[PDB]
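[1] part one of the assembly, not moved from where it sits:
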Amino acid sequence: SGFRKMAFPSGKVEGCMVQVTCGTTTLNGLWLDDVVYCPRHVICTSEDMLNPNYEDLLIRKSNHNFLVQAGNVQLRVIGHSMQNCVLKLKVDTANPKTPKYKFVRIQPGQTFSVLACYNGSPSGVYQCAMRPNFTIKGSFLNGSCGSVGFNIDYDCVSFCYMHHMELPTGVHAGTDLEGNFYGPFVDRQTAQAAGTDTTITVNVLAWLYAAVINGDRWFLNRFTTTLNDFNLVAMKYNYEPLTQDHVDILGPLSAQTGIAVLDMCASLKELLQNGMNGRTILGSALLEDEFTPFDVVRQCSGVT
């Protein structure tokens, strides 16, 4: 029993974190095989950030200008290339702690763990979700860039995110491990504002199933609804529209609890229209949307 915002064990990813210094800028890099991945804004001075032309700035850089340090030993850079918004610094040594890995581009609504790092050293790990507006609500300070988001499938690390930016609103923007930003963000110090932060409805439902599994059932009502009726209410509350794909995805939780998805939607609908009335669900006074249906099944079964 008990439901926590659980992050994946970070050891496999700690063994991949290095420090990348280019001139005065020091940020984090991911060392997998003989390549070090890091944000391309490592080559910028805070001034360059206003209107950077990365191909022009990159000409002035040689292999010896990138200082890669793993722990306390210096890595030799034998090649460098730009792939979208990440730099790939080919080193002469393959990372002996390189785990089995993949580079995946996740969809909004999906959750992942972030190992926050500074000077190539991990300082904390937390669970995140790619918001529907392609921002993340991380916890990052200056020097955190190059910190990565990942999922673990048994022994394989699926790297999905690398931190690049903090918007003026305190939310974060970053890329996949191919350098492509999630959303419309660019690595430039210009006016970038995030869109509406809608609630991930399927994740709220999965978390409501987790609450029923854990004993908190006060919110279960005597009502049902339809996908169209629920969506009318969901749109009014800036919730993501719910599809038959999401209903199907909730199938295992619906089967385990004996509560049909549309019944749980009707419970959600009353919670939206009436609030919690000072009550809490899983120690939370708001509707939590950072657990996917897969996360609830993993945490409620013990997927190692």
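    Done, it's in. Numbering: from 1, shown residues only, chains lettered A, B, ... in the order given.
[2] can you give me the neighbour number for the residue nearest to residue A:216 when sequence neighbours are not counted?
    Excluding its sequence neighbours, the residue lying closest to residue A:216 (C-beta to C-beta, 6 or more residues apart in numbering) is residue A:281, at 5.2 Å. Backbone N, C-alpha and C define where each C-beta goes, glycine included. The tally of other residues near residue A:281 (other C-beta atoms under 10 Å) stands at 22.
[3] next: residue A:168.
    Residue A:168: 10 surrounding residues under other C-beta under 10 Å.
[4] you'd agree it is up against residue A:190?
    No. Residue A:168 lies out of contact with residue A:190 (C-beta atoms under 8 Å); the separation is 10.2 Å.
[5] so chain A: which segments form each domain?
    Per the record, chain A has its domains at A:1-14+A:100-197, A:15-99, A:198-301, by curated CATH domains.
[6] ok, residue A:101 to residue A:115 distance?
    Distance, residue A:101 to residue A:115, by C-beta to C-beta, to the nearest Å: 14 Å.
[7] when those two are compared, which one has more neighbours?
    residue A:115 (24 against 20).
[8] check which helix or strand the more buried one maps to.
    strand A:111-118 (DSSP states H and E).
[9] please apply the same query to residue A:294.
    helix A:293-301.
[10] packing partners of that helix?
    helix A:201-214, helix A:251-257 (3 or more C-beta pairs under 8 Å, 6 or more residues apart in numbering; DSSP states H and E).
[11] I'd like the distance from it to the chain centre, please.
    Averaging C-alpha positions (C-alpha atoms, centre = their mean, to the nearest Å) puts helix A:293-301 17 Å from its chain's average.
[12] extend the structure above with chain B:
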Amino acid sequence: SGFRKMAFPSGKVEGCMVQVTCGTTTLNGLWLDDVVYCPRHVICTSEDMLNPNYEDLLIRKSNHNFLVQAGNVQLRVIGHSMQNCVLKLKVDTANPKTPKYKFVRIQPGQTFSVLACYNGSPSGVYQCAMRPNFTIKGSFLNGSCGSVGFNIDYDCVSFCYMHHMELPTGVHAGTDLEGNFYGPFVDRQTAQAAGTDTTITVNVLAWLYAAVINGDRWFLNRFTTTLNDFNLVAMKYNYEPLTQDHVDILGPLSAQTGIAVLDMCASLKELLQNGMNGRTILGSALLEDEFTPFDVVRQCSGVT
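    With chain B added, the chains above now look like this:
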């Protein structure tokens, strides 16, 4: 910017997790040097749990009855002893991944990270706090016993907790690494109920300082109060009484934000007497008490 419930990187502790099997019971063990630590209820059958006499049950056990497995290799048990509610299984091999470590007994209010494990394999990491009633609100299933709580000071792991029990109310009980339970709990399947779960006031204040540092200032009012006046209100709301020691501990956060501790207490007092009014502080609709003043300073500065 951004404030997350951050857990310490778990790698150093993952390298210490092993599986301990005694008859039909399989749980987790901590392998540090040539010793494996685990809950003593590993020797019990679910029946024995009702009224166990561990010294009597232990006589029937030999070194060869404890099966210790690290990853996929079997460890040889050359000695076994009971220390309070933990078994120490001396193995013939020192753990090559033993980090620099200490066994500390934390006080209620203090926070720590938990690496939840099953069959000696870590499956998740999350941040906890030792509740003032000596329970923890973890996320543990059957087979999680022997999962440990720790803090990391640069490269040294201070192990503070080992999971042993789940009370009928869904809260968790466990010991320090010397086998002594936090609180009045015993490793017996009998009626054990937790006391009042009071809120850790100093942690709420530290989290209010974190909110001001992160931009959420709506709750800052034009009032002040006294330690006695605040405590009158705190006791009414099942908050822990606030001492000059806690005020002193909040000193660095008070200095960084320019908000005196008693002013922040008056802000807390209005939040208690009036609720959030549908507002949120750091994305939370309730007053969070699982960040110590030290955690806020660590997260807001980047202590690796």
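[13] what about the neighbour count of residue A:168 again, now that chain B is present?
    Using other C-beta atoms under 10 Å in any protein chain shown, residue A:168 is surrounded by 11 other residues.
[14] swap in residue A:244?
    Residue A:244: 9 neighbours (other C-beta under 10 Å).
[15] what does the stretch 1-150 of chain A put close to chain B?
    A:1-12, A:14-15, A:115-119, A:121-126, A:137-141, A:143-144 (C-beta under 8 Å from any C-beta of the partner chain).
[16] the residue of chain A found nearest chain B: what's it in contact with?
    Residue of chain A nearest chain B, by C-beta to the nearest C-beta: residue A:11 (3.1 Å). Contact partners of residue A:11, counting by C-beta atoms under 8 Å, 6 or more residues apart in numbering or on different chains, are B:9-12, B:14-15, B:122.
[17] then residue A:243?
    Contacts of residue A:243 (C-beta under 8 Å, 6+ apart): residue A:227.
[18] now it. Its backbone dihedrals?
    Here is the backbone geometry of residue A:243 (degrees, to the nearest 10): phi -110, psi 170.
[19] tell me how far it lies from residue A:261.
    11 Å.
[20] likewise residue A:3?
    From residue A:3 to residue A:261 the distance is 19 Å (C-beta to C-beta).
[21] touching chain B at all, the strand with the most length in chain A?
    Among the segments of chain A that qualify as a strand by DSSP state E, the longest is strand A:156-166. Yes. Against chain B, strand A:156-166 shows contacts by C-beta under 8 Å from any C-beta at residue A:166.
[22] give the other helices and strands that whatever helix or strand comes next after that strand contacts.
    Using DSSP H and E, the helix or strand that follows strand A:156-166 towards the C-terminus is strand A:172-175. Using 3 or more C-beta pairs under 8 Å, 6 or more residues apart in numbering or on different chains; DSSP states H and E, the elements in contact with strand A:172-175 are strand A:156-166.
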